[PDB]
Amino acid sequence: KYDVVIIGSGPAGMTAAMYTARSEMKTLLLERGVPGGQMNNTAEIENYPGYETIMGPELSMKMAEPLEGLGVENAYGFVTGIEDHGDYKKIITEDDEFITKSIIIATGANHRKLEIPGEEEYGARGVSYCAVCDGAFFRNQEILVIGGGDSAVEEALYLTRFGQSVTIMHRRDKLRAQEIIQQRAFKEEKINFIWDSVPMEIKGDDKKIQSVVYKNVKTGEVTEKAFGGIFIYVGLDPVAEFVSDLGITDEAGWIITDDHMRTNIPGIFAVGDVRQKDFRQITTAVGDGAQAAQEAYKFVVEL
């Protein structure tokens, strides 16, 4: 009944829906939240070709805007499962079922957790995974960022608008972030580093975070230091629970595809961050999405 259903309206899914709709495929785009995906949790995007800089939420709106006019059916849905029935597939959300000839899974990735004490307890009260979301709640605080990657370092740099200081704690003595971002963090006077360290415990009073205990990974030296906020950026897990059973994931839960965005199951494609891959960016999400769309068209024509 749908030619294609796209699950997730981040940049991969929005690109795919734009393309399927231009191919006049009957297109359903399901999203649990706000179109834009991780882009909405991104303050400034510098490396999307075609924009010198642009706020994540503005790029989200620009990507969402033509979709209605092209005849994409945009709908709310949290997807809980998918059944392969041979010549059709069924998609299960909280309340609805949808039948379709093909599926493009574009549901992205989610913050990994430290799984340390205080991490859950300080939940609403000092622990965050989203700096553009929570940054202004930490005006004048000493903020701690955990991680060494693009997200830790960029979001640290963002957070310097708010904090007295921002400290990045990384578990080695060299960051993984893009060098241009490293160099910016090195030069920024409000950014400090705790190298070769991992956090062990997050501590506070009944109401909020007050300190972190951490360990040096080369010496075992243990230190406890006062901080008012902790932002955690230690990498990503796939958001693919609704396909656990289907035999299309690796051990860690990422969706495996070939270079044409095809899974095992014909008519089920995956794009963007949910895929088993190493390079997670808006550019490659958009690329994945275009590719899936064209492959889905081929698949449905040949059905």
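A residue's number is simply how far along the shown sequence it sits, counting from 1. Between two forms, the rigid core is the largest collection of C-alphas that superpose within 1.5 Å.
Once the rigid core is used to overlay the structures in 6 other deposited structures of this protein, the stretch among 90-98 and 204-212 whose CA atoms lie farther from this form is 204-212.
Core superposition of the other structures onto this form places the C-alphas of 234-242 farther off in 6 other deposited structures of this protein than those of the other stretch among 234-242 and 23-31.
The stretch with the higher mean CA B factor, choosing between 212-220 and 133-141, is 133-141. If you average the C-alpha B-factors over 116-124 and over 75-83, the higher value belongs to 116-124. Between the residues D273, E31, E46, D259, the entry's highest C-alpha temperature factor is the one at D259. Per the PDB record, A252 has a higher Cα B-factor than any other of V234, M39, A252, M63. Split the chain's modelled residues into thirds by C-alpha temperature factor. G204 is in the highest one.
Residue-level temperature factors show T167 in the lowest third of its chain, judged at the C-alpha atom. When the CA B factors of the chain's modelled residues are split into thirds, the value for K225 lands in the middle one. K190: CA B factor lies in the middle third for its chain, per the PDB record. Among all modelled residues in this chain, the alpha-carbon of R184 has a temperature factor (C-alpha) in the lowest third.
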